[PDB]
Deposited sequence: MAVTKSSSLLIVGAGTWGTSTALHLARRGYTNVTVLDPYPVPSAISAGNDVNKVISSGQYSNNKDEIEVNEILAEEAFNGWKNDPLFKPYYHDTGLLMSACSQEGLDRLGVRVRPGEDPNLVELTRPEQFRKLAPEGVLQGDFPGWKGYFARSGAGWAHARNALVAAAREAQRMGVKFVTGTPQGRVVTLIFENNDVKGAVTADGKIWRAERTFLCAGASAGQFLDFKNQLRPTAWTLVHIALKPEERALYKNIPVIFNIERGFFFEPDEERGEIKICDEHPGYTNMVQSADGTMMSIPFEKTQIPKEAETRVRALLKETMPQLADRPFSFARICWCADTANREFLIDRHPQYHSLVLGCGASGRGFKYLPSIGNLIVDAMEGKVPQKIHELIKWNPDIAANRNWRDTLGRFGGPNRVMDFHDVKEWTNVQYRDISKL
């Protein structure tokens, strides 16, 4: 492997793009990224108007990520240090999650005062939590993803996007190694190293030995009237581990993005084999139960918006490892394959930095203690509890399945790939 080696990245999502960017920064000149959707991909979990950005191996990686948001001029424009409320309703939730910038809240009036009067009109019944006044906030996830991809491209990376030209249909398996990939147009992409960064779809392409559970969450937007927008500007991110979270309205459309908290949805599919796999799919709607949960959250916080029609809704997929640690490693058998996946529903904040760790994995530079946590680890996924809620709360307090969903929302379509 040399700086001019053919390198192939499967997936131009959060981590594929971070990888492309960091390969280019570190001087690689022959990188190609494949994706079935134009950047920003409509199925990328990173393609969102906002994500929560906050802030031991996890502390090291989180520190590097946050440093990118604060100090890397490519990423700085997208980060808003609004502060963040982290709250819960039960002791179990509170347990789950001297700093001068952290305050405890236990009283409804304290919650209401986190925003200008007229914004947080709710009763916050039994809400208790911690408010970080700074050093946490939100990033414009889609704009940051696009910025990173365009900077990678500027530095020589070739993005081949859209279907069929960017849709990988198989990796090239030759003499027990991965030699590249083949796209749906029937084009062979040979590479000295292949990075698998297909997020929730990564399991399509090889046997992860139960290490990945593709799992989906839910989001909506509510459009504020032009007059009512100013009042909601610069509010801190409001997050309750057992209810959901929301952000100040975006600029483009004055839309407040809201997520209901729950342990997620799988889509378990039965093969002729009889084996069981969670298979992701695009849907620009959410289950009716998710709508209900969103509206119950709004009742408790911004009741004046609780009955407003949604302007956009979608499911959003990631993939959980058995302990929600990342899966970033060289494959133990396929010498040329590098995994950059298992973001476990928490990978967006690592956009500025995770590509460095993935490249380090390819190059054999990962510190041993870090490697031990993120390595290929089938032992951890043996006898897997696929219904493990993995520290997630809300709604049914169980992992549910889309096969059980009877009714979906019927919100207007929007093409978020532009």
Exercise for the section: No C-alpha coordinates anywhere in a stretch? Then put that deposited-sequence range on the list, in order along the chain. Expected result: 1-2, 58-67, 110-116, 438
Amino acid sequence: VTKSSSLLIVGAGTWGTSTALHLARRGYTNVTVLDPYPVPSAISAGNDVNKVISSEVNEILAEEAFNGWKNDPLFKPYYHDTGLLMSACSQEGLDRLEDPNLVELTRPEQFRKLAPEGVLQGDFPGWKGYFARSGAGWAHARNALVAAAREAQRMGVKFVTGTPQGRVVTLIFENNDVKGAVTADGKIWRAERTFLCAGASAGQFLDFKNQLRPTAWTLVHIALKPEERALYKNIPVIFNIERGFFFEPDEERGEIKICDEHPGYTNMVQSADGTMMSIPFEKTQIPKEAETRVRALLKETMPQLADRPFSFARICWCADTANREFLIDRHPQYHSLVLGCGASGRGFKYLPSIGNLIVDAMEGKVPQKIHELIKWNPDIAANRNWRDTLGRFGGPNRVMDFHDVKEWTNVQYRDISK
From here on, numbers count along this sequence of modelled residues.
Practice task
Could you settle it for me: does 194-202 or 82-90 have the higher average Cα B factor in the PDB entry?
Solution key: 82-90
Fill in the blank from the handout: As the entry reports it, the stretch among 141-149 and 279-287 with higher mean C-alpha B factor is 279-287
Practice task
Would you mind finding, among 159, 317, 124, 173, the residue with the largest C-alpha temperature factor in the entry?
Solution key: 124
Problem - Selection from 238, 188, 97, 219 [criterion: highest C-alpha temperature factor in the record] - result: 97
Exercise for the section: For residue 305, return the chain-relative third of its C-alpha B-factor as stated in the PDB record: lowest, middle or highest. Expected result: highest
Completion exercise
Of the three thirds of the chain ranked by Cα temperature factor, residue 344 occupies the lowest
Exercise for the section: Could you tell me which third, lowest, middle or highest, the C-alpha B-factor of residue 71 occupies within its chain? Expected result: middle
Practice task
Taking the values exactly as deposited, rank residue 263 by C-alpha B-factor within its chain and report the matching third: lowest, middle or highest.
Solution key: middle
Problem - Ranked C-alpha temperature factor of residue 380 among modelled chain residues, by third - result: highest
